[PDB]
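The structure appears right after this line, and notes come after that.
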Amino acid sequence: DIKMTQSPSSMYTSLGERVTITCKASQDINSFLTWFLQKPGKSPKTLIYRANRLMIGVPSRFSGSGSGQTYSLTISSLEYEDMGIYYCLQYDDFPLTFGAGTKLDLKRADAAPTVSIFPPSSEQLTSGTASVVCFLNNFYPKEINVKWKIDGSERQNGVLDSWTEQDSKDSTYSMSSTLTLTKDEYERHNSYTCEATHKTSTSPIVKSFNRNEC
Amino acid sequence: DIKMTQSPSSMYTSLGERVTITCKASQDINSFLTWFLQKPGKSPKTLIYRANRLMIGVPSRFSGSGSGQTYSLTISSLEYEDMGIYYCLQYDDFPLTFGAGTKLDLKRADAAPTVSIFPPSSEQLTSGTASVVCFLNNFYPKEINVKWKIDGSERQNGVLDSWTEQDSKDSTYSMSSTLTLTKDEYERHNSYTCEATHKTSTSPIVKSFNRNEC
Amino acid sequence: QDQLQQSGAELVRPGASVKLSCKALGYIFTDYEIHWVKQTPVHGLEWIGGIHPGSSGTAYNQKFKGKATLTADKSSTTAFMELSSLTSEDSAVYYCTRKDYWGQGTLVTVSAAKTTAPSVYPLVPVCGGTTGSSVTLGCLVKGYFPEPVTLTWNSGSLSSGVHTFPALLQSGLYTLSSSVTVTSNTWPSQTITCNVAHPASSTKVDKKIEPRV
Amino acid sequence: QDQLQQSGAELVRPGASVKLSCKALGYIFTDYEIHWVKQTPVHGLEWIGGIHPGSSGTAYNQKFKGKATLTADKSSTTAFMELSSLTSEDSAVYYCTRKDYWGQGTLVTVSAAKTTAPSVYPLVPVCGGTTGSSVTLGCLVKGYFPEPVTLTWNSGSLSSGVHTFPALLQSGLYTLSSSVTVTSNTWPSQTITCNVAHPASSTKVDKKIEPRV
Amino acid sequence: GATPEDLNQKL
Amino acid sequence: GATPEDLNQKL
């Protein structure tokens, strides 16, 4: 298997900036490399083929170079529509192999999350289950840690985490954290705590509530 | 899925020493844990069940403890026949899940490898292929890096690495490294080099040969 | 020069089989190989195999040999891929590609799940409820199948300050949640409703967000 | 209280099926669940499923549902596991277990390979050949199928200073190598031979290690 | 040795 | 656009 080492794997860029993405092959692939891009929820769109041929319909802003093992893809001046994930494809030999992808996101000033905690609802509680929800929204950068604590101790399973992609206007991300329990064990405890770790602060950002009503 | 975090994952021990291995569960497993051991090439042998019951036939040297999430396995005085890999099994809920295993090996004074390089043989060369072999044998500890260099440049695929297990008398390990090429491309180059990195030295230990006969 | 057209979304049962189709339009079908590629969040992109509709030659990735069969019909310029014995790990987006052009992908969901209406719960702020400038309200849509669900706040009227998180699988059923932030003045004096719709079971639910007693 | 006995090593072709058996001896077959577990160097140990021969109840890991069928015959106190549509990733050691007792495991090799005799090459020191106290000689046994191969030096007479590395798969065939170190006095004045045997193709080869011209 | 406890969840 | 080169290895 030819191995494709694509780097960097994630890049924080500004509109209008020149971007360069690379792919080293574990052996010589005789320029049989494609460069494609995939936007969230959309299929792949090839940009370049045979290492340096533009594809019919692709801005001249995209250019590919390299021979042998090291290939590059340059984006001369980055536009909003270029955001997405970039991959390289070697098609010199079988099996065909891909690079891990390069994720592009717009840089911005670091923002701390706005954390909200939601005790279960009565309608859920009268059905047997109990979901405890935590919203960490509008923050930057993407890296975030969320720990759940029931009466002082960490709870690991029962947890479901979901992320939004980078927001088109403010460039921040958002995440919802759901701790799902049964009504009986939710009714066995009192102090539910959501704590998030993020680059914006030294100490965690803590949100809690007491079922006896704080 | 209950997650089983078994640590440590590898331990360098002396005969006669007391060993302790652990398994934390991601939730309370009500003591439904087994402790088993697997020797190279042999099937698993359970030692302990329901957290602390010895199994019929197992030395009293083995003892298991814990409740809730943290379980331990103590080996009071380590014998040669106890060498192998140790795993824990949670069987409280489905799916059943295992720990990553704990590998035991006898500590010893660090020894550097004795490296040998073997140009292909004539019989292979008159068949079309060319295998270049490197033996790194008798060293400690187990961690070793082997890089191949054809005429000054690193070669990545075509490489096959094989390891022996810890040797019963001297406690050292051994490894063979085979670089497989075709005769045509072996005949295109001159200087074949095997270089190994090991804790025993600052600089790599290099072995080479020239096909024009050095 | 034109395009690849793939069959629609497939919902199958564990142990069954699917045959996916890829129609080639606008180029000489017999001069180009068609390749099948699998994509999953866990494993990324992987090559299954490929066929030359011309010579009929096929190549497969070792991992899929015995699982996947590749075929092509020259009369309909349609490459086909058969997958047998499906399990949930086969659940993916599948793509045919010419290496330059790409089909749009067919989603295969391997599940035993049955159509099930979602439970919709209104998430009101915690008791007490801060004296901040704004308030985040929420709504939790639980246990449905299959995707998708559409969710709005005040039947679309409210759309600024909303976040709707991608649905995730939990114990074989989908769960999704969404929040809205409005200023303190708005709520609860103005009512805010969570509208959920699940075409598949023809459920349409509207949920008022009242303050916690 | 006694034991689990598993069927022998299985060599199958990609896309075929295997049924493995696990005989329970020395304990009441109907009071204990029998569980099937998969082991591979890549993934480690994984649970497939399990059955209660008593109640007939079965549970499966989601990853194997649709791939594996579990059954049990009370008259022969034999639990069975069926695997369909095999690919090379199914290649593993399979174990039935009672959670305390373990069967000895059946090796399933999924391959298209055909019985092929190994090529045996003698590895002599590099030209020149040091003035060290000892000399390492070697022997390379290439492209065979299936395992195993037995290898000795001087038909067992030479056994001190020998290393025989576990065989690895290379382009669908097994490769193995072994070295011996002897003192400078010994070689090449004393001849050293590499004896290889491959029961499967009934090949038996002896290879003298002569110095490089 | 052990009894069904070994936890026989499918009993 | 592109021709068979795209490398048609199964031609």
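What is reported rests on the model, the rules as stated and the sources as named; no laboratory read-out is quoted. Cβ coordinates were reconstructed from backbone atoms using ideal geometry, including for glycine residues, and neighbour counts include every protein chain displayed.
Remarks
- Only one of the numbered conditions (1) in contact with a helix residue (DSSP H, G or I) (Cβ under 8 Å, 6 or more places away or on another chain); (2) under 25 Å from C:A9 (Cβ atoms); (3) surrounded by 19 or more Cβ atoms within 10 Å (Cβ to Cβ) is not met by C:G50, and that is (1).
- Hey, D:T69 polar (S, T, N, Q) and not assigned by CATH to the domain that holds D:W187 or not: yes
- Any hit, the stretch A:104-122, residues being under 30 Å from C:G128 (Cβ atoms), among the aromatic types (F, W, Y), buried (at least 18 other Cβ atoms within 10 Å of the Cβ) and within 25 Å of the chain's Cα centre (by Cα): yes
- Answer residue from the stretch C:59-81, given it is crowded, with 17+ Cβ neighbours inside 10 Å and of a type in the set (V, I, T) and is nearest to the other protein chains (Cβ to nearest Cβ) among those: C:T69
- Looking only at residues in the stretch D:152-166 that are crowded, with 20+ Cβ neighbours inside 10 Å and not polar (S, T, N, Q), the one that is farthest from the chain's Cα centre (by Cα) is D:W153.
- Number of the condition not met by D:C96 [criteria: (1) within 11 Å of chain B (Cβ to nearest Cβ); (2) in contact with a helix residue (DSSP H, G or I) (Cβ under 8 Å, 6 or more places away or on another chain)]: (2)
- Whichever residue in the stretch C:82-100 is in contact (Cβ under 8 Å) with a residue 24 or more places away in the chain and over 30 Å from D:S84 (Cβ atoms) and, among such residues, is surrounded by the fewest Cβ atoms within 10 Å (Cβ to Cβ): C:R98
- Within the stretch D:101-120, tally of residues that are within 9 Å of chain B (Cβ to nearest Cβ) and either surrounded by fewer than 18 Cβ atoms within 10 Å (Cβ to Cβ) or in a loop (DSSP other than H, G, I, E, B) (or both): 4
- Elements of type strands (runs of 3 or more DSSP E) contained in the stretch C:121-201, each with 2 or more residues being touching a residue at least 40 places away in the same chain (Cβ under 8 Å): C:134-144, C:150-153, C:173-183, C:193-198
- Check on C:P53, over 17 Å from the mean Cα position of the chain (by Cα), over 25 Å from C:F145 (Cβ atoms) and touching a residue at least 24 places away in the same chain (Cβ under 8 Å): yes
- Qualifying residues in the stretch D:7-31 (those that are in a loop (DSSP other than H, G, I, E, B) and touching a strand residue (DSSP E or B) at 6+ places or on another chain (Cβ under 8 Å)) - the one nearest to the other protein chains (Cβ to nearest Cβ): D:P14
- Considered as a group, the residues in the stretch D:181-201 that are within 14 Å of chain B (Cβ to nearest Cβ) and closer than 26 Å to D:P146 by Cβ include one that is surrounded by the most Cβ atoms within 10 Å (Cβ to Cβ), and that residue is D:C194.
- Scanning the stretch C:170-179 for residues that are within 10 Å of chain A (Cβ to nearest Cβ) and either buried (at least 18 other Cβ atoms within 10 Å of the Cβ) or out of contact with any strand residue (DSSP E or B) (no Cβ under 7 Å at 6 or more places or on another chain) (or both) returns C:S171, C:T175, C:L176, C:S177, C:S178, C:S179.
- For the stretch D:121-169, filtered to residues that are within 13 Å of chain B (Cβ to nearest Cβ) and of a type in the set (F, W, Y), the residue that is nearest to D:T40 (Cα to Cα) is D:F165.
- Selection count where residues are within 14 Å of another protein chain (Cβ to nearest Cβ) and either touching a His at 6+ places or on another chain (Cβ under 6 Å) or closer than 18 Å to A:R18 by Cβ (or both), scope the stretch A:63-83: 1
- Residues satisfying the stated conditions in the stretch B:24-53, i.e. outside any loop (DSSP other than H, G, I, E, B), more than 18 Å from D:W47 (Cα to Cα) and either more than 14 Å from chain A (Cβ to nearest Cβ) or aromatic (F, W, Y) (or both): B:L47, B:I48, B:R53
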